[PDB]
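Chemist: Before I ask anything, here is the structure I am working with.
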Amino acid sequence: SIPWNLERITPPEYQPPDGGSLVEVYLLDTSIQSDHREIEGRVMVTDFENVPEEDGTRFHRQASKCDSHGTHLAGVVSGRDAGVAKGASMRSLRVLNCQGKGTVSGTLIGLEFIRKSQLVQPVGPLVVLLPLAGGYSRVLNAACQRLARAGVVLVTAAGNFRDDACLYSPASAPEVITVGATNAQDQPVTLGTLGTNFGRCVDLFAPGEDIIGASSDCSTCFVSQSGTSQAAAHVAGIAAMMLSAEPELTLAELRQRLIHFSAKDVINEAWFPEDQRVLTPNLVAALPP
Amino acid sequence: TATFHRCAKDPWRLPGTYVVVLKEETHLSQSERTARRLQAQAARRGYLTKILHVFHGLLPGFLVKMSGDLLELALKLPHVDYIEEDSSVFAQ
């Protein structure tokens with residue numbers, strides 16, 4: 001009757017009809033199918049684009065393929081039928097190409113564009129979703145830390161490398177809320193021979209396996225996807241809902257609310273390497289009652 | 001004390017493009033002048049450079065397309081905090 005992940009984040013059909021309406025969520029991702037019925041009118045496509053050229057001289061830039069990742073994530077955050085925060089407005093920036101590849105420099109220019117946009121026309125609290133990862137980057141971590149210090153909430157994917165999230169960015173930036181992925185059995189997600197990252201740089205886990213969301217194959221199509229990007233999108237939606245109910249929350253207070261309302265000790269720590277079990281938070285995100 | 005950094009995951013590096021990060025309170029006018037000074041010093045050594053972007057708002061600095069041979073010279077520019085070689089990010 002309801003996608004497993006929306007039931008999982010509901011404290012024990014998906015009820016909130018217009019959650020997160022005071023918040024604007026910026027998405028730095030691939031292109032999006034902005035006329036998909038699930039997200040039409042809810043996502044405003046900015047003029048921002050900074051992407052590297054695709055690999056392979058004979059690449060075919062089909063819109064359904066190019067838009068797959070970003071369209072699904074925009075749906076997870078604010079989608080009409082399958083979204084977490086159905087009242088949140090979104091603004092999309094294109095920093096990933098058709099193959100899902102971007103650059104640290106393009107991501108930096110995008111984070112700057114968000115701050116410039118805010119200064120020109122301030123609205124309510126902002127949440128920035130970064131469903132991407134690269135190697136540890138001093139400059140990307142610094143840019144995230146500065147935007148967080150300026151009052152903006154950042155949420156990122158822990159990474160899908162079954163490795164310590166501290167070796168990746170923006171996952172390793174302490175000021176960013178870093179999200180790992182769990183499945184319907186509340187266990188860490190396996191993705192081929194890899195899976196969710198773990199360790200002290202992860203703040204919490206959220207549903208990230210077989211997540212129903214908008215499919216760019218057609219204007220009413222839905223598809224299931226898995227990964228720490230989907231888990232981060234759940235936390236961006238939960239944060240938009242918490243900030244819309246309590247708009248005066250600081251970043252520290254919001255982080256405290258996310259931990260307090262999470263389900264505790266449901267993950268079997270045996271999945272993580274031995275030394276990472278005490279360092280990895282045993283928390284799965286949920287909405288407040 | 002200006003330092004150089006490049007991605008530890010060697011296949012994810014993007015050599016030839018560098019983010020020159022200036023000290024925290026550097027003003028935009030100073031960032032633009034530092035980028036122009038880099039181009040002039042590089043040209044005296046026979047190297048072309050291209051300033052792709054000048055940063056202001058979060059981090060002061062600029063993005064430059066140039067040979068990494070110019071990195072020792074670039075680290076001596078006024079206001080430089082550090083220089084990072086560009087690298088890849090991936091959808092998760």
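The chains in the structure tokens are called A, B, ... from first to last as shown; in each chain the residues are counted from 1, and the ligands are counted from 1 in the order shown.
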Residues of chain B within 10 Å of chain A: nearest atom pair and distance (Å, one decimal) for each, counting only C-alpha atoms, sorted by chain and number, as CSV?
Modeler:
```
residue,atom,partner,partner_atom,distance
B:5,CA,A:138,CA,7.9
B:6,CA,A:137,CA,8.1
B:7,CA,A:135,CA,6.2
B:8,CA,A:135,CA,6.9
B:9,CA,A:135,CA,6.4
B:10,CA,A:135,CA,9.5
B:12,CA,A:135,CA,7.6
B:13,CA,A:135,CA,9.1
B:14,CA,A:103,CA,8.4
B:17,CA,A:105,CA,8.9
B:18,CA,A:105,CA,8.4
B:19,CA,A:105,CA,7.1
B:20,CA,A:139,CA,9.4
B:21,CA,A:139,CA,7.7
B:24,CA,A:146,CA,10.0
B:53,CA,A:109,CA,8.3
B:54,CA,A:109,CA,9.3
B:55,CA,A:109,CA,7.6
B:56,CA,A:112,CA,7.5
B:57,CA,A:112,CA,6.3
B:58,CA,A:146,CA,5.9
B:59,CA,A:143,CA,6.4
B:62,CA,A:105,CA,9.7
B:63,CA,A:105,CA,7.4
B:82,CA,A:139,CA,8.8
B:83,CA,A:139,CA,8.6
B:84,CA,A:139,CA,7.0
B:85,CA,A:104,CA,9.2
B:86,CA,A:104,CA,6.0
B:87,CA,A:104,CA,5.7
B:88,CA,A:103,CA,4.5
B:89,CA,A:134,CA,4.3
B:90,CA,A:101,CA,4.8
B:91,CA,A:132,CA,4.5
B:92,CA,A:229,CA,5.0
```
Chemist: If you run DSSP on the backbone here, which positions in chain B get strand (DSSP E or B)? Please write them as a ChimeraX atom specification.
Modeler: /B:3-5,13-22,50-55,61-65,80-91
Chemist: Write out as a list in words which residues come within 9 Å of residue 6 in chain A when counting only C-alpha atoms, dropping same-chain ones fewer than 3 positions away.
Modeler: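 After dropping sequence-adjacent residues, the list is residues 2, 3, 9, 10, 13, 14, 82, 83, 84, 207 and 234 of chain A.
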Chemist: What is the distance, in Å and to one decimal place, between CA of residue 154 in chain A and CA of residue 42 in chain A?
Modeler: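 Distance reported for this atom pair: 19.8 Å.
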Chemist: How would you write, as JSON, numbers by chain, the set of residues in range 217-251 of chain A that DSSP gives as alpha helix (DSSP H)?
Modeler: {"A": [228, 229, 230, 231, 232, 233, 234, 235, 236, 237, 238, 239, 240, 241, 242, 243, 244, 245, 251]}
Chemist: Would you kindly return, as a PyMOL selection string, each protein, DNA or RNA residue with an atom no farther than 9 Å from any atom of residue 46 in chain A, considering only C-alpha atoms and excluding same-chain residues fewer than 4 positions away?
Modeler: chain A and resi 91-94
Chemist: Taking 2 positions as the minimum chain separation for residues in the same chain, which residues sit within 7 Å of range 64-74 of chain B when counting only C-alpha atoms? Answer as a list in words.
Modeler: residues 16, 17, 18, 19, 38, 42, 48, 49, 50, 51, 52, 62, 76 and 77 of chain B
Chemist: Would you mind listing what lies within 6 Å of range 30-36 of chain B as a PyMOL selection string, with only C-alpha atoms counted and same-chain residues fewer than 3 positions away left out?
Modeler: chain B and resi 27+39+61
